[PDB]
Amino acid sequence: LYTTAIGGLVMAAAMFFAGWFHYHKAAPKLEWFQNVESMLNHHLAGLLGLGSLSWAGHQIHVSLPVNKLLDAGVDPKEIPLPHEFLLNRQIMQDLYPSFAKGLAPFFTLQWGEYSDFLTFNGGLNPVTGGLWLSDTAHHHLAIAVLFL
Amino acid sequence: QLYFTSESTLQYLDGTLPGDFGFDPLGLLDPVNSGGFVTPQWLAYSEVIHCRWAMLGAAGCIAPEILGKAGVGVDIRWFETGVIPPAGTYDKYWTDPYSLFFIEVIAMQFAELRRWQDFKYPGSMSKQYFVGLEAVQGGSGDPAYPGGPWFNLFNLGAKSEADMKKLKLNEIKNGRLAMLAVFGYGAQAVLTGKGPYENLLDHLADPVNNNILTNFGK
Amino acid sequence: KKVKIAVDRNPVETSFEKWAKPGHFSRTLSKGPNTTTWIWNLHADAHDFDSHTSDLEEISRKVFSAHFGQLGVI
Amino acid sequence: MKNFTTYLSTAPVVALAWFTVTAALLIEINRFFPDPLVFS
Amino acid sequence: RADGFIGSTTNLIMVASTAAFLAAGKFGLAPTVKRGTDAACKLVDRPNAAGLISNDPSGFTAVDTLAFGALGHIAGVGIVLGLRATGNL
Amino acid sequence: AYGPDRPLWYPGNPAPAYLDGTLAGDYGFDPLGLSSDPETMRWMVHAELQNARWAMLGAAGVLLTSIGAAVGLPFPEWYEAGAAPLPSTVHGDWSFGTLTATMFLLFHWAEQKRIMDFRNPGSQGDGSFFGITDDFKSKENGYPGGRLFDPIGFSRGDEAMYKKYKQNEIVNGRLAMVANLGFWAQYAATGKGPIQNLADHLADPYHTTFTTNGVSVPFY
Amino acid sequence: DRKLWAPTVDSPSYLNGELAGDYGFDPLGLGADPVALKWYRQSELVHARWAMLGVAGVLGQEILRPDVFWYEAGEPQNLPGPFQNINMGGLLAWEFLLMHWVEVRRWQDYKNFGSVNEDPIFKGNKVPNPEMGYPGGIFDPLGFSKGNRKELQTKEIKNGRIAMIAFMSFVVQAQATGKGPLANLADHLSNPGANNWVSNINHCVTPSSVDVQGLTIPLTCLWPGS
Ligand code: CLA
Ligand code: CLA
Ligand code: CLA
Ligand code: CLA
Ligand SMILES: CC1=C[C@H](O)CC(C)(C)[C@H]1/C=C/C(C)=C/C=C/C(C)=C/C=C/C=C(C)/C=C/C=C(C)/C=C/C1=C(C)C[C@H](O)CC1(C)C
Ligand SMILES: CC1=C[C@H](O)CC(C)(C)[C@H]1/C=C/C(C)=C/C=C/C(C)=C/C=C/C=C(C)/C=C/C=C(C)/C=C/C1=C(C)C[C@H](O)CC1(C)C
Ligand SMILES: CC1=C(/C=C/C(C)=C/C=C/C(C)=C/C=C/C=C(C)/C=C/C=C(C)/C=C/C2=C(C)CCCC2(C)C)C(C)(C)CCC1
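Protein chains in written order, with our numbering: chain A, 238 to 385; chain B, 2 to 219; chain C, -8 to 65; chain D, 116 to 155; chain E, 18 to 106; chain F, 2 to 221; chain G, 2 to 227.
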């Protein structure tokens, strides 16, 4: 949380800097602003589509394994830190056996193999009372391809 | 020659710049209504700087292995030096990795701020006293190519403008290949997990069974 | 018709002189206060860029920059 | 700085300062001398 | 494309889809940079603003080799998964 | 300094207009235009000629007492030289409350005269204090020359030596101010006080850096 | 025209060719300021003359007395004759004032050329000091400068530049192998490939510190030891 807070403050300083820079320094001309076809093309794919795909990355690598371990009863201060799921394939493979294959199923169009972190269960998790994190990951993945 | 070029790109691409193949699909080098760091001058200046850095890296991310495996010494892969501590760290360093970074930051400040001040305010590093080096920090009009008794210390070139122009095309091409290589080193490292040299010495063995497609699963 | 980045180098200067002149944005409120209404007016007319000038180039630059700050405070 | 100080003198800024000092003074007074119901 | 799937129905379907869709633009059977369309789905030609310079005899530009093959890739994926879900594959 | 072509802070960047080069140790360094006002310059110059001078004396002490404590000579380190028992006096024993009050009282008198002359030049030189006049005058802002403040007569002597001496004072004072932040920051990270920190760095120079001290670099 | 340091280079103007050994080698433009060129030259000459004496001592001492390692010969016990275990502080005292006089006198010849030329104690006894850094007279007894001193100066600077480079070799190849200048030549000629800088640069062979008569003196290898 502390690291995130610091990052948000850094972003804040970038935003105000950008506002001053794009006003007192590099101020866009009207012809730039009136390219609606470009704005929509970049806000739909680059902003919404990539924004969801980037989240479908976190949800699949950090939120899903951590939440599974938390719901399994594991103490929060004993769960492997997020990065270990990315680097140590064994840990992620144990939680989701489909990481034993790799990205091969995706390119081979055998997406089905990934039916342990991308599912259409529907309903609510019986342990935490909230939508399955697996279903949310699949949603953001789909929503992305659509926007892109 | 021209690669994926368009009439619009040619309007602002007339061949002068070293290594101009008219390849500007998005069109960022268009001078008309430009500013900030997207000004054509800064873009070309950065490309040269990237080429020089990439060429040093491209030759540095494979040399510890090509030499270390041969038995010269060291024998580390570019990710196991301390750049990315989670992926490994070398043990025999005369100082702390962060301590080295502290010196690195101070050194780059006196080397990349002086370089910059010579672009913003051309030939401004030759007036303020700098241990007498200032004289060698004058540079020429072109920001990318300084010159002087230091940067061009062996006056390579100067025998005709044609030789300078060929030596500048050699660099922009030996550097666009090095830039594509550095990206290759990182990408292969992430997927395979091994070093550039071992990745080559594996394609050479069973090429069909040792490629990106097979590396998707293996 | 070409979609390209178009920018004007260093248009507005960065100074506090305008900061010390409340109402510099409106021709009417630049003449200073004579009634206590001006106080409430300089606030009820500070974000109405369209009222400040007729140029749609400036009004847009102001809107685009404003959004930035909003993001910053968010 | 002459014009920055002019801005820091405008009513909204001066009032923000004066009040903050007055508020902090009362807060600090109760912080060291709490529950001041009577002048004793 | 991995694990030497080459030859697999999936490989054949994807290759066929990508090719059938690139030969639907190089052969003027669909909209392309230049020769666009209309409110009645008829190619009424088009002026591109960048003026892409293509060496291809028909004028097929890189923009059009990355815009028809992508359609083939989406079509192939839809067909592969569809037949896969059914008994067809 | 003391020149139109004086060495500057960021070689290349032009110097501020208010910073002409006359002021001692002028290197045209005012990025946030803090001294844009001429009156502000005079006040800021005086303030610097006040913080640096005290800082210089303070640095001389933290170094002399420290050198003593390292050689063995009974000397409490700067950090613990306040809890040290106050010495007695022929008049009586010292009390912390009285000590603070006396220190402020005396300072108020001197500060008043100094600031009053700063606001009204020559105001103190009115023979009001026991007839002392010119000695209470100020040669320059932050330069109260006389036969009580410059006894040897560096200011009254060669101006070139005086000017050179003025540069020495500014540069040394700025260094002392930076040094003082060190003495404090090295203490609030190492907990040892200088001359022990110089001794540790000269015994294992490579493994005794700021990076390896726990507080400086948190992760490392 | 003089032959320059590289077949493609052009001499810096300030290096017109007056100074001996002018091969136009100033890549960092350090000698651009005429005051600095003057000073740096005197430093070159002093460094050369000191290294030529040094490279002769290391080689010579080894040839004659071979038991004492050049690196370890400044130790009081290592000192020969009665000098063995002589108070180093008292020795420093002599080496101090005596060196201070000769150096300061030489420095005043830089500050005011041809000013400190006459014997301060006695009188009349003076040194020609035709060029700064070339006093001659008592300094040139057998009288060889009377000929083409410039040609001799060129040989002197060129020999000195080789020596300066050679003495820093003796220093490194000694803190790596642990053996003297000619012993490292012998080892190479015994097994060339196996006695190279490859099998010797990975070890800093030489004490980390030396206690001299109660004064510990820390020591270091130029390259960080592997
Ligand atoms: C940091 C240095 C700086 C300086 C010296 C200036 C100076 C100037 N700016 Mg400017 N600006 C800056 C930064 C700066 N700006 C940044 C970072 C942005 C991006 C947001 C902008 C965006 C901007 C726009 C869009 C405009 C100016 C304009 C101006 C000129 C007159 C208006 C003015 O600023 O008066 C002083 C104004 C204020 C003091 C208002 C402060 C508003 C700030 C941005 C945030 C306040 C929000 C507040 C916290 C909301 C919550 C309140 C609640 C807690 C009660 C003036 C010369 C105007 C102009 O060009 O002249 C016509 C103009 O339209 N600026
Ligand atoms: C993939 C391309 C892309 C992306 C991702 C975006 C994204 C965004 N645009 Mg945008 N835009 C684009 C292309 C793109 N744009 C093009 C090509 C044009 C010209 C036709 C425009 C013209 C345009 C205008 C006029 C405006 C936006 C605005 C916005 C923001 C919406 C406000 C918001 O919800 O804040 C949410 C904040 C976030 C989601 C955090 C992300 C913020 C990052 C830093 C923005 C970076 C976008 C930029 C393209 C990246 C390059 C920056 C680099 C040069 C340093 C949003 C973050 C609005 C805005 O500026 O709001 C302040 C707005 O006024 N855009
Ligand atoms: C809605 C947000 C937004 C938008 C629409 C723009 C738009 C623009 N900016 Mg800008 N900028 C923004 C935010 C934004 N900026 C912020 C927050 C900062 C502070 C860091 C800056 C700082 C900045 C500078 C210094 C400059 C610009 C410039 C430009 C113009 C050309 C460069 C460009 O963006 O083209 C396309 C993008 C590029 C050419 C390079 C992209 C580099 C980005 C930073 C990499 C990643 C971007 C992406 C959003 C990251 C996604 C997340 C990541 C983990 C994948 C252009 C019109 C340039 C200009 O003024 O032109 C005259 C310029 O000099 N911007
Ligand atoms: C401390 C020794 C020393 C000093 C003071 C000088 C001084 C000078 N040399 Mg010189 N030189 C030296 C050693 C030295 N040299 C050696 C050993 C060689 C043999 C390679 C040469 C070969 C040489 C040539 C060919 C020429 C000069 C020239 C000059 C003059 C040019 C002005 C200049 O750039 O000055 C600055 C020089 C210095 C301040 C010397 C200090 C060295 C710098 C600060 C760092 C060097 C570190 C070095 C690489 C370490 C080597 C280690 C290695 C031996 C293992 C100048 C007065 C030019 C000339 O003759 O003009 C009349 C010229 O043509 N020198
Ligand atoms: C033309 C165009 C036009 C249109 O319009 C648009 C567009 C498209 C955008 C454009 C394009 C662009 C591009 C292509 C780009 C690319 C880039 C890159 C890749 C870079 C690299 C880059 C890369 C680089 C620099 C590199 C670097 C590196 C370095 C320094 C170093 C490293 C290393 C080594 C030695 C070894 C050690 O042990 C470690 C380290 C230290 C780690
Ligand atoms: C010119 C130039 C120009 C540009 O600008 C830049 C540049 C390039 C940088 C430059 C260069 C420079 C250089 C090269 C330098 C070098 C130096 C040296 C090496 C010295 C040595 C040096 C060296 C030396 C002195 C030596 C010394 C020694 C001695 C005394 C002695 C010793 C010894 C002996 C006898 C024996 C005994 O038992 C012991 C002892 C005692 C121990
Ligand atoms: C005959 C001819 C030629 C050839 C050319 C070519 C080679 C073409 C091809 C081209 C191509 C090569 C095409 C393809 C394309 C494709 C692509 C570019 C892809 C895309 C992708 C996308 C669009 C996305 C997808 C997705 C994902 C990723 C996720 C999930 C969902 C989906 C599936 C949707 C040449 C010149 C040689 C010679 C002369 C004539």
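Backbone N, C-alpha and C define an ideal beta-carbon position, used for all residues, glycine too.
G/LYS127 versus G/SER146: straight-line alpha-carbon distance, rounded
On the seventh sequence, position 126 is the one that residue 127 of chain G refers to. On the seventh sequence, position 145 is the one that residue 146 of chain G refers to. Approximately 17 angstroms between the Cα atoms of the pair.
List, in order along the chain, the chain G residues whose C-beta lies closer than 8 angstroms to that of B/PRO150?
Here residue 150 of chain B corresponds to residue number 149 of the second sequence, with the count starting at 1. Here the neighbours are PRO13, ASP27, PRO28, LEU29, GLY30.
Burial state of B/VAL137, where buried means 16 or more other Cβ atoms lie within 10 Å
Here residue 137 of chain B refers to the residue found at position 136 when the second sequence is read from its first residue. Burial call: buried.
So, for B/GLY28: in the same chain, excluding its five sequence neighbours on each side, which residues have a beta-carbon less than 7 angstroms away from its beta-carbon?
Against the second sequence, residue 28 of chain B aligns to sequence position 27. If we look at B/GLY28 and ignore the five residues flanking it on each side, its Cβ neighbours are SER9, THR10.
For G/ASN118, which residues of its own chain have a beta-carbon under 7 angstroms away from its beta-carbon, when the five flanking residues on both sides are left out?
Sequence index remark: in the seventh sequence, residue 118 of chain G carries index 117 (1-based). Result list for G/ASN118: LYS127, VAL128, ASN130, in chain order.
May I ask you to report which of helix, strand or coil DSSP gives F/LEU87?
Taking the first residue of the sixth sequence as 1, we reach residue 87 of chain F at position 86. The answer is coil: DSSP assigns F/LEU87 none of H, G, I, E or B.
Span of the beta strand (DSSP E) holding G/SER210?
As a working mapping, residue 210 of chain G is identified with position 209 in the seventh sequence. G/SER210 -> beta strand (DSSP E) spans 210 to 213.
Which of helix, strand or coil DSSP assigns to C/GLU4:
Numbered from 1 along the third sequence, position 13 holds the residue referred to as residue 4 of chain C. Coil at C/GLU4, not helix or strand.
Would you call the CB atoms of A/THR345 and E/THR26 closer than 8 angstroms?
As a working note, residue 345 of chain A is residue 108 in the first sequence. As a working note, residue 26 of chain E is residue 9 in the fifth sequence. In this structure, E/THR26 does not lie closer than 8 angstroms to A/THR345 by Cβ.
Just mark B/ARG115 as buried or exposed, buried being the case when its beta carbon has 16 or more other beta carbons within 10 Å.
Here residue 115 of chain B corresponds to residue number 114 of the second sequence, with the count starting at 1. By the 10 Å Cβ count, B/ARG115 comes out buried.
DSSP three-state call for F/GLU141: helix, strand or coil?
As a position in the sixth sequence, residue 141 of chain F is number 140, starting the count at 1. Strand.
With 7 angstroms as the limit, tell me which residues of the segment 119 to 147 of chain D have their beta carbon closer than that to any beta carbon of chain C; keep them in chain order.
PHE119, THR121, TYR122, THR125
Quick check: does the Cβ of F/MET162 come within less than 7 angstroms of any heavy atom belonging to ligand 6?
Numbered from 1 along the sixth sequence, position 161 holds the residue referred to as residue 162 of chain F. F/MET162: no, Cβ never under 7 angstroms from ligand 6.
Going by C-alpha to C-alpha distance, which of A/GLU350, A/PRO334, A/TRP292 sits closest to A/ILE380?
Counting from 1 along the first sequence, the entry for residue 380 of chain A is found at position 143. A/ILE380 has its Cα closest to that of A/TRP292, out of A/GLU350, A/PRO334, A/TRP292.
CA-CA distance, E/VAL97 and E/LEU106?
In the fifth sequence, residue 97 of chain E corresponds to position 80, counting from 1. In the fifth sequence, residue 106 of chain E corresponds to position 89, counting from 1. Taking the straight line joining both Cα atoms gives about 7 angstroms.
Collapsed DSSP secondary structure at A/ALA309 in the structure displayed
Working through the first sequence from its first residue, we reach residue 309 of chain A at position 72. The answer is coil: DSSP assigns A/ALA309 none of H, G, I, E or B.
Contact between the segment 26 to 33 of chain G and the segment 164 to 171 of chain G (3+ Cβ pairs under 8 angstroms):
no
Can you check DSSP and say which residues form a bridge with G/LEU216?
Your numbering for residue 216 of chain G matches position 215 in the seventh sequence. G/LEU216 is bridged to G/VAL213.
What runs of the beta strand (DSSP E), each 3 residues or longer, lie entirely inside the segment 245 to 323 of chain A?
263 to 265
What residue ranges within the segment 5 to 58 of chain G form continuous alpha helix (DSSP H) runs of no fewer than 4 residues, ordered along the chain?
none
Report the CB separation of G/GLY179 from G/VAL206 in whole angstroms; it is logged as a contact under 8 angstroms.
Within the seventh sequence, the letter at position 178 stands for residue 179 of chain G. Within the seventh sequence, the letter at position 205 stands for residue 206 of chain G. Contact holds; Cβ gap of about 4 angstroms.
Whose Cβ in chain B lies nearer than 7 angstroms to the Cβ of E/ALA19?
Taking the fifth sequence and counting its residues from 1, one reaches residue 19 of chain E at position 2. In chain order: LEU214, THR215, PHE217, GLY218.
Within the 8 angstroms Cβ cut-off, does A/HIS320 reach chain B?
Within the first sequence, the letter at position 83 stands for residue 320 of chain A. Chain B contact via Cβ: present.
Can you tell me which of the three DSSP states G/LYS127 falls into?
Along the seventh sequence, one-based indexing puts residue 127 of chain G at 126. In the three-state scheme derived from DSSP, where H, G and I count as helix and E and B as strand, G/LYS127 is classed as strand.
Per the DSSP calculation, G/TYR135 is bridged to which residue(s)?
As a position in the seventh sequence, residue 135 of chain G is number 134, starting the count at 1. G/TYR135 is bridged to G/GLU132.
Can you find a C-beta in chain D that's less than 8 angstroms from the C-beta of F/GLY34?
Here residue 34 of chain F is taken as the residue at index 33 of the sixth sequence, counted from 1. Yes, because at least one Cβ of chain D sits closer than 8 angstroms to the Cβ of F/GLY34.
Can you tell me where the alpha helix (DSSP H) with C/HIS43 in it begins and where it stops?
The count along the third sequence starts at 1 and reaches residue 43 of chain C at position 52. Unbroken alpha helix (DSSP H) run through C/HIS43: 40 to 43.
Verify whether the separation of the beta carbon atoms of A/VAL299 and A/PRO319 is less than 8 angstroms.
Here residue 299 of chain A corresponds to residue number 62 of the first sequence, with the count starting at 1. Here residue 319 of chain A corresponds to residue number 82 of the first sequence, with the count starting at 1. Yes, these two residues count as a Cβ contact at 8 angstroms.
Quick one: is C/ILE65 buried, meaning 16 or more other Cβ sit within 10 Å of its Cβ, or exposed?
Here residue 65 of chain C refers to the residue found at position 74 of the third sequence. That one is exposed.
Reducing DSSP to helix, strand and coil, say where B/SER7 ends up.
One-based indexing of the second sequence puts residue 7 of chain B at position 6. In this structure, B/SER7 counts as strand in the three-state DSSP scheme.
Per-residue contacts from E/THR27 into chain A (C-beta, under 7 angstroms):
By 1-based counting over the fifth sequence, the position of residue 27 of chain E is 10. What E/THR27 touches in chain A, judged by beta-carbon distance under 7 angstroms, is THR345, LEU346, going in chain order.
Would you say B/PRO144 lies against chain A (beta-carbon separation less than 8 angstroms)?
Position 143 of the second sequence, counted from the first residue, corresponds to residue 144 of chain B. No - not a single Cβ of chain A is within 8 angstroms of the one on B/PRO144.
Cβ pair G/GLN174, G/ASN185 closer than 8 angstroms:
The sequence position of residue 174 of chain G within the seventh sequence is 173, counting from 1. The sequence position of residue 185 of chain G within the seventh sequence is 184, counting from 1. Cβ atoms of G/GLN174 and G/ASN185: closer than 8 angstroms.
Please list the terminal residues of the continuous alpha helix (DSSP H) segment that includes B/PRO208.
Numbered from its first residue, the second sequence carries residue 208 of chain B at position 207. For B/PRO208, no alpha helix (DSSP H) segment is defined, and its DSSP state is neither H nor E.
Around ligand 3, Cβ to any heavy atom closer than 5 angstroms, ordered along the chain:
A/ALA251, A/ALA255, A/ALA263, B/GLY36, B/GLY37, B/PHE38, B/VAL39, C/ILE(-4), C/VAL(-2)
Can you check whether the CB of B/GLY124 is closer than 8 angstroms to the CB of B/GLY148?
Indexing the second sequence from 1 puts residue 148 of chain B at position 147. Indexing the second sequence from 1 puts residue 124 of chain B at position 123. No, Cβ-Cβ distance for B/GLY148 and B/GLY124 is not below 8 angstroms.
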